[PDB]
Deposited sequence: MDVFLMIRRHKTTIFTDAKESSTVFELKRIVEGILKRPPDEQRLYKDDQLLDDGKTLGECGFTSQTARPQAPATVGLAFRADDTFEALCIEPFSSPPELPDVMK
């Protein structure tokens, strides 16, 4: 079963999917192919919690009906000592026009 994710670090945001049965380390292999960083220099997070390499995305709370295509779940990324988990927020939308 597919889960749809946003892997985010600093001002980087990767849109990808993975199997619910796939492991955290296997996600780091996906990140490795894109950002060219080995998994040992990678740290994956759900919100603030550090994720274990051997656990599957489903055990980590990334389920199909919470990681939707039109609303993907966020996986925090941190590079290596290790930096602190930093995710730059998106820009703020303007005020609603008077006609809305």
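Novice: Where the model has no C-alpha, note the corresponding stretch of the deposited sequence, numbering from 1.
Specialist: The deposited sequence has unmodelled segments at 81 to 83, 104.
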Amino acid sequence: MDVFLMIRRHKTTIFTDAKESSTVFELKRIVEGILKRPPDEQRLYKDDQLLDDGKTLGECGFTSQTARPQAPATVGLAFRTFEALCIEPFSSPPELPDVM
From here on, numbers count along this sequence of modelled residues.
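Novice: Could you settle it for me: does 22 to 30 or 57 to 65 have the higher average Cα B factor in the PDB entry?
Specialist: Higher mean C-alpha B-factor in the PDB entry: 57 to 65.
Novice: Taking the recorded C-alpha temperature factors, which stretch has the higher mean, 88 to 96 or 7 to 15?
Specialist: It is 88 to 96 that shows the higher mean C-alpha B-factor.
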